[PDB]
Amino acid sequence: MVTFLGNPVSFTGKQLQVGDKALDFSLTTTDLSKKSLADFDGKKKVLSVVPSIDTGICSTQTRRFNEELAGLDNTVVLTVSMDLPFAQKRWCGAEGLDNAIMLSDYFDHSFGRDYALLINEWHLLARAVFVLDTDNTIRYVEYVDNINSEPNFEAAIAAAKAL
């Protein structure tokens, strides 16, 4: 169903949907320290997942989301990819977004496995966007079918704004 590099890819287990509660995680940040869902309590989150910020669509997604939602109070933008912390760090620097919150799942692939976003054929994270409320309940989700294409920014942001 979902496609990557002109070919259908698969996953394992079920993916969270609107209404479900966002699964906790332990990801390595850009300064090598770990982060979990708790570190973001009391905030609404826009969970953005990309194959690798070292590629065009994934870089634009991350850049654009951080910018277009920067003016949103009580809301934080989490980017999760398989890039090493060092790759995400280089990115921030090049883009002038040193404060952007970048999370890597390289250590375990646990985030990808728990969320069923780990592509079985490539072990990279499939493109997706979540908008969680304060209770970490998913109020919006988008699993881009054609991973090699941009996500729906409008819907995502409009959803994040209404919340």
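The first residue of the shown sequence is 1; numbering continues from there.
For the segment pair 49-57 and 112-120, the entry gives 112-120 the higher mean B-factor, averaged over Cα atoms.
Averaged over Cα atoms, the B-factor as recorded in the entry is higher for 65-73 than for the other of 126-134 and 65-73. Looking at the C-alpha B-factors along this chain, the one for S26 belongs to the highest third. Ranked within its chain, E150 lands in the lowest third, by CA B factor from the PDB record. For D98, the recorded CA temperature factor ranks within the highest third of the chain's modelled residues.
Per-chain ranking of the deposited C-alpha B factor places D41 in the highest third.
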